[PDB]
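**Student:** Need a 3D model of the following:
(chains A, B, C and D)
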Amino acid sequence: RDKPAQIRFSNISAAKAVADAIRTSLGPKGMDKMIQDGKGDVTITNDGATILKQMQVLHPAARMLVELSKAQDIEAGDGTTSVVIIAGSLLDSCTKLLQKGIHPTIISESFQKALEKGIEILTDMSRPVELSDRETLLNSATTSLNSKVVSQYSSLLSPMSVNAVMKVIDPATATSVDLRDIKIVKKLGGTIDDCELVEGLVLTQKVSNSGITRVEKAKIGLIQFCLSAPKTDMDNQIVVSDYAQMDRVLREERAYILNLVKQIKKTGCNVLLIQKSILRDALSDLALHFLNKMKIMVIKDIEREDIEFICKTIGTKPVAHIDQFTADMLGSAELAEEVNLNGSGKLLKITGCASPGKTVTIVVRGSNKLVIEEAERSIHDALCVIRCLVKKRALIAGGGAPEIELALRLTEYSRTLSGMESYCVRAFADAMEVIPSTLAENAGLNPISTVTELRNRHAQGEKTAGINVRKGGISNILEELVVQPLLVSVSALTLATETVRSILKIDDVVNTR
Amino acid sequence: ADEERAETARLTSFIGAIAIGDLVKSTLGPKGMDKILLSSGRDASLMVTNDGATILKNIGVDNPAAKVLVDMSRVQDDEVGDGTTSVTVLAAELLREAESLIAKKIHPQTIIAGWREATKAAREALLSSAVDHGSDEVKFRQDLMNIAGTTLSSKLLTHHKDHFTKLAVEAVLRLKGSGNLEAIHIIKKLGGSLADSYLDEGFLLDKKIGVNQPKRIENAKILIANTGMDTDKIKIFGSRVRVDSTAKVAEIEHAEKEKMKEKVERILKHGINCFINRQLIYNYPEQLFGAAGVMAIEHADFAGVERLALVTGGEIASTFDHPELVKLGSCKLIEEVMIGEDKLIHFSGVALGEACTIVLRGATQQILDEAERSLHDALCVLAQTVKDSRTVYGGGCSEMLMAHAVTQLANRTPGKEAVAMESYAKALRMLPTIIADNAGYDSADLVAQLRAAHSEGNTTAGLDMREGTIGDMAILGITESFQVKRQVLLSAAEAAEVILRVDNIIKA
Amino acid sequence: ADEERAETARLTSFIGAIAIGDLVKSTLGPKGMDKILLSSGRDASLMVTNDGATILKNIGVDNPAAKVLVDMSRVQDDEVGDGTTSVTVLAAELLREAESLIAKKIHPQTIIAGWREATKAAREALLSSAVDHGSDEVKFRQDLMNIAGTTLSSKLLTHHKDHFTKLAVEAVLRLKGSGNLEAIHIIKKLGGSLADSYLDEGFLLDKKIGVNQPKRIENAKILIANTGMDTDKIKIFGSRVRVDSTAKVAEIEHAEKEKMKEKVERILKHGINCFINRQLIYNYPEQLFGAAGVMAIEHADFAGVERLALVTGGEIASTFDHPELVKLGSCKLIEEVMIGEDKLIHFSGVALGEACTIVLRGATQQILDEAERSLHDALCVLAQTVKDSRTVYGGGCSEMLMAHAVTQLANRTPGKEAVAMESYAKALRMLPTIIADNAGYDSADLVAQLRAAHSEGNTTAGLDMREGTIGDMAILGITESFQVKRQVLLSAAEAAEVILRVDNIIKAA
Amino acid sequence: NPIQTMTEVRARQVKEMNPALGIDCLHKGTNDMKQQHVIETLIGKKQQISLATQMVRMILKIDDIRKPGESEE
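**Tutor:** Numbering: from 1, shown residues only, chains lettered A, B, ... in the order given. Okay, here it is:
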């Protein structure tokens, strides 16, 4: 009836304006957002590559694009806007084609046929560059890191990104160097200068104070065992009413456990990652400091991150109560190192261990987590764009520029298909010229100088090249050092193709109660 | 209170049930279109739903029209399969057809008994097109390939259609009748390989075994018991309460450790290495179980035990005082394997056999769950398929022949139900129309000439809308056990004739 | 000028033209119910119609597509006679189809496409239900008597039809293979009874100059003339109207008398015993024809002096331009004789043998002109029935026959064509609903049974609106001639198909 | 379908060139502009183009769309 069209149109409408409000992208454009929310909360947001995820939008297709916003970010970690900027590039043709006498089905494979042929041509404009090459790692990181937070610490992060990948590199043009593999940990203190690539596994735990092991000879943590003591796991019929008998219970409780922690150090353990559960109290604060009397690094309520990576790398499992002693399921550890640089931060560094030929653990530091996250998300996306170049070995035009190259050439395949969807392709083959002119959107006065040129700038450059969108000046879009592996752009097209093709099948009115 | 009258009761009959009839039919038949369920009420999200019941159940039913067809067509899909669309859509089309006959107002007994006779005549006319492909058990295997292959269609899958194309065959073929799952146990996990599904020897389970209990249990004698504890084991002595006051709070937390140690005794009496209990423990008792010698495999699962019970000979029984009352499944090994960042445990000791375990993999369960339903709807038709192998070549080439042939039965046979058996014949071609524009073919020459054409004996050449073309439904395999096309029309036209018989809806 | 695109004009086409097909189908059948005639803009005086053509002629309609039907109505009503209310509804029957078909996405091109071929499929099935009755004169007698008064059924005054149709068949029985409706002199003349409506063998004049001209003559020569007398025609016998001098206006009268008197001579000198003038005859030449043995009848009937010229062998005088020179009407018998209450001048011995005067006698003229309205449409079918002597089984019989024929053809066609062609024969099935529902009896019973009856195929059992139930068409008199049907089957789908090509309507109104 | 029958000769123009066969004015099943015998002077088509492509440009004539307030009355 009318129910399918309107909301499907609204799916094309409400999501488009969101996707239309998107493109300010690539650097100094528009004005900052200090955002009174829909609830009134005031929030400052910049560099909308992250703001995509941060953006809170309702409506079925509009919230779909934030969920589609991670789609580029989830696997790749480079050019996160690439799918969201084209999220409305398909919605361009959507209206027309529904209005053209073309069926949502004929529009459905239209996205496919445009997706199919699109990622095809992108391979031609993908310049394959060595998967393990320090440069194609470093420069992929650099170019990203240039766009990512730190452009100076890039020179630190880019090789650390390289060194983190080249450690875990499984050299291929297929999936390698996963994100579960590389362990990116944060440490208060140090510097991004002192952000340290660490080949070995570094667990980030809360370590009690100091006077504990920075030194060698440690049996690794990740222990779930409580320490059985009177007034812990053991029966005490001493009754507590009077204060003295209420005093008699804690003293046998406190005096006994210090032998238990000796048995824990007897295991060779200088480190315990203690289960965030509690068997009763699990390890009490009596037990925990007694552990700290034995120089055993101990965190009650340990993060899930150092639980799995210690299983992934050191190969560690819980060990039993230390009266029962252990099965030695704790993996092999040798150096248990808490770095104190000006004492800031508690960082468990295991140098040498069981390792799965993988999991570089890179300690990301700085004066504050903000300084840390300057490196971390940067080194991550540097790892990512490297991972992307490990995923797909190539560098293409960055920042949405090649889609305009793909624009003209998909208009040729609009003729080669010669189908009903060839028109659909045609409508969208001209809908990929939108981004570069639209990226310029939001800043200022006397607008139009940017628009049809960025269209023509590749068009005038035949099927070869146009101005870079992130750099500028007439050149090859592809070879800039604004460069991303072919993955990022073929990802974006694949991602927006489906969710927007769902709109075509979005129909009537149906709502879960 | 209130009583709704003839028109409105028949109008309200046409408002909700035709609505829910419009929703799923985008998917139904061949696929030129699909249905999407917007979810704003339970969440902020989207649900891609080709599933009739999903669109039936996730939409609450206030309507004596919608309640029925959501109730009816579910049972239709619960029995015959792919029936949530069947009764709903087909009646909705007929509730559209009931309108005019009620609107131009023949007395309802005509509109009642015309389609009544016609639904049969529909089945009858299509009972002529019903033909057994069960000629050979490999041809019946292929009859199980096309019939199930048709049932898996329109229901969103990835490799699950290809996996459960043969596995629906495999299940009913070795069971020899009554497509169901006792012979393949579906244990669905989220795996790395996206579309891939594979056979599970024995069955696998999830846990991280630390402490003294070894990560590996070798030469597994499974002691199958529903007796288990959670934190503690309460029993004759296991019932004790020390607290009348604020004093025993610190003491009462002591004796809970013994109730952890007390149950570990009776299984050591049984002495069997592997003791499977369905209930969790803590770790400190895991430290107690590890030193026991009777291995506690934490939180066993029901289906995998029934898996072992058939091939191994083991049993899950009641009144468990002893191992003897429990037949013992013989398993090769029990191991903690690390699969992803989750650590897993697996049982073995069998190779396929009478039963099987099927373990699906993927990123989400929406791709996994619709597989076993699309399997189930096959199983429903595959329960029909061994009984009646008759494979009627569909897409509307089966359906519109009734529209053609019942028209013959409409013209001469009934006196005033001629218009009715005509009106019933209309819905028989009607989804062929709404699926024709979906794949972009002329509804008319299809639903008009071809129903005449494929009634000439062109029943072979038939309606596949992924395309807009006519194609043989023996070679294209759009067809099923003809019992799938009978009971649906019955409970469809009935559910249309139920509320067609309704001239009063009394609302208390 | 405002462009009407598809649905704008087309709905406007349906709403009027189908309702135009409605109040006329309200009149369809003798038990098509009486419609009080409520006139638009003038003549509040109300007849009450059992025939929708009245409404179409009485009530004007603003819908241009409906402005087409009244003409197509008059196409039937004039050319074909009966089939008038029917040609309007079957189009509406096909329009009710295109109601869907347009909104059902079917382009009116296609909607014509089937109806192009489908029109003959019914024609051919009605060619199959076309069987020659009247192959014998007694057949032809009763084959006339079949569809003669059958034309008069829905038409408001089917009662004097007893006397009327007997008259109507006799005159056409006299035609004997040669249809002549001018050799039938149609005189609607008040006086006497309505069963006193009469058929003369000869010619006749409702005009009587009086008895001051010779009333009866044998071997009479009739001068057929526009010749004027006081009118001063050519060839001066003495001064006509003019002023040539002071006293020349006075020389007019006495010499105009001589001119009138020698306009006796020229007229008389034909040797006539009767001078029949379609124009004035002055009293002196009049009475000087009465003194010449000549019957001079003043301003005698235009069509009469014309049919007297046709039937009696007369030539018009060329308005005295043949003072002596015009060929006379020759009828061996002059009878000034009272049919009804009025002395009418009867002419026998006329040239034509089929020459007859049907004298329709009003006891009231409201039935009289109605008798004359019921007269000729029969005579229309009759001359048709003469040329093709045959029938087709009406009352829905051949309708449902054609319906079951074209539909089962729409079942063997069914490409784009059946989309029209199934829409086509349903109308053939839907009109049987109309008369029976006019009869006030369930069609869904009868039609869908008439369906079965004609799904068995039938020439006989058909819906008898006389019985209000399905009944025999054996040629019972409710079996229609193939004459009208083919014309309606031709004419009806047209206006539908006509509006089907023009949905685009540019309106400067 | 205005898209599909245009797609028809679209594929055909991806095949045949300067076609004597093109879509149906005469509304046949086969589309042959020679054998539909739709026949139009290549002068006319040319002149039509010249005339049809004309008006759209002409509304651009000068920069003045300026009206006193009456551009139609």
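
**Student:** drop to CA atoms for contacts and neighbour counts, all remaining ones
**Tutor:** Fine.

**Student:** Going by proximity to chain A, name the top residue of chain B.
**Tutor:** residue B:211 (3.4 Å; CA to the nearest CA).

**Student:** scratch that, chain D
**Tutor:** residue D:11 (4.9 Å).

**Student:** Return the residues in contact with that residue.
**Tutor:** A:417, A:418, A:419 (CA atoms under 8 Å, 6 or more residues apart in numbering or on different chains).

**Student:** try 7 Å
**Tutor:** Neighbour list for residue D:11: A:418, A:419 [criterion: CA atoms under 7 Å, 6 or more residues apart in numbering or on different chains].

**Student:** May I have the secondary structure class of it?
**Tutor:** The local conformation at residue D:11, judged by DSSP: H, G, I helix; E, B strand; the rest coil, is helix.

**Student:** Compute the number of surrounding residues for residue 49.
**Tutor:** Looking at chain A here, since you left the chain open. If you count neighbours by other CA atoms under 10 Å in any protein chain shown, residue A:49 ends up with 22.

**Student:** Hmm, no, I was thinking of chain D.
**Tutor:** When neighbours are defined as other CA under 10 Å, residue D:49 has 11 of them.

**Student:** so residue B:360 makes contact with residue B:184?
**Tutor:** No: assessed by CA atoms under 7 Å, residue B:360 is found out of contact with residue B:184, at 11.8 Å.

**Student:** Those two: which has the busier surroundings?
**Tutor:** Using other CA under 10 Å as the criterion, residue B:360 and residue B:184 rank with residue B:360 on top: 27 against 24.

**Student:** give me phi/psi at the more buried one?
**Tutor:** phi -80, psi 160 (degrees, to the nearest 10).

**Student:** Relative to chain D, how far out is it?
**Tutor:** 42 Å (CA to the nearest CA, to the nearest Å).

**Student:** give me every residue that touches that residue.
**Tutor:** Counted by CA under 7 Å, 6+ apart, residue B:360 has contacts B:187, B:188, B:189, B:197, B:368.

**Student:** quick one, what contacts residue 184?
**Tutor:** In the absence of a named chain, this looks at chain A. Here residue A:184 is in contact with A:361, A:362, A:363 (criterion: CA under 7 Å, 6+ apart).

**Student:** wrong one, chain B
**Tutor:** Contacts of residue B:184 (CA under 7 Å, 6+ apart): B:171, B:355, B:356, B:357, B:358.

**Student:** taking the residues you listed one by one, which sit in strands?
**Tutor:** The members of the contacts of residue B:184 that map onto strands under DSSP state E are B:357, B:358.

**Student:** Please report which of the contacts of residue B:184 has the highest neighbour count.
**Tutor:** Counting neighbours by other CA under 10 Å, residue B:356 comes out on top of those with 27 neighbours.

**Student:** What does the closest residue to that one other than its chain neighbours show for phi and psi?
**Tutor:** Spatially, and ignoring its direct neighbours in sequence, residue B:356 is nearest to residue B:184 (4.2 Å; CA to CA, 6 or more residues apart in numbering or on different chains). With angles defined as degrees, to the nearest 10, residue B:184 sits at phi -140, psi 120.

**Student:** and the gap between residue B:184 and residue B:172?
**Tutor:** 10 Å (CA to CA, to the nearest Å).

**Student:** Could you do residue B:78 as well?
**Tutor:** 17 Å.

**Student:** Just want to know which of these two has more residues nearby.
**Tutor:** The neighbour comparison of residue B:78 against residue B:172 (other CA under 10 Å) goes to residue B:172, with 25 against 17.

**Student:** pretty sure the more buried one is touching residue B:178, no?
**Tutor:** Yes: contact criterion CA under 7 Å: residue B:172 and residue B:178 qualify, at 6.3 Å.

**Student:** Find the residues that touch each one of these two.
**Tutor:** Common neighbours of residue B:172 and residue B:178 (CA under 7 Å, 6+ apart) are residue B:382.

**Student:** picking up where we left off before, narrow the contacts of residue A:184 to those in strands?
**Tutor:** A:361, A:362, A:363.

**Student:** still on that earlier bit, highest neighbour count among the contacts of residue B:360?
**Tutor:** Tallying neighbours with other CA under 10 Å puts residue B:368 at the head of those, with 24 neighbours.

**Student:** My reading is that it lies in a helix. Confirm?
**Tutor:** Yes: counting by three-state DSSP, residue B:368 is found in a helix.

**Student:** And for it, nearest residue in space, chain neighbours not counted?
**Tutor:** residue B:360 is the one closest to residue B:368 (CA to CA, 6+ apart), at 6.4 Å.

**Student:** How many residues are close by the nearest residue to residue A:37 once chain neighbours are set aside?
**Tutor:** Spatial nearest neighbour of residue A:37, excluding adjacent residues (CA to CA, 6+ apart): residue A:43 at 7.4 Å. Other residues lying near residue A:43 total 10 when counted by other CA under 10 Å.

**Student:** do the same with residue D:54
**Tutor:** Around residue D:54 there are 11 other residues, counting by other CA under 10 Å.

**Student:** Could you pick out the longest helix of chain D?
**Tutor:** As assigned by DSSP state H, the longest helix anywhere in chain D is helix D:42-58.

**Student:** Counting neighbours, what do you get for the closest residue to chain C within chain D?
**Tutor:** Using CA to the nearest CA, the closest approach of chain D to chain C is made by residue D:27 at 9.0 Å. The number of residues packed near residue D:27 is 11, by other CA under 10 Å.
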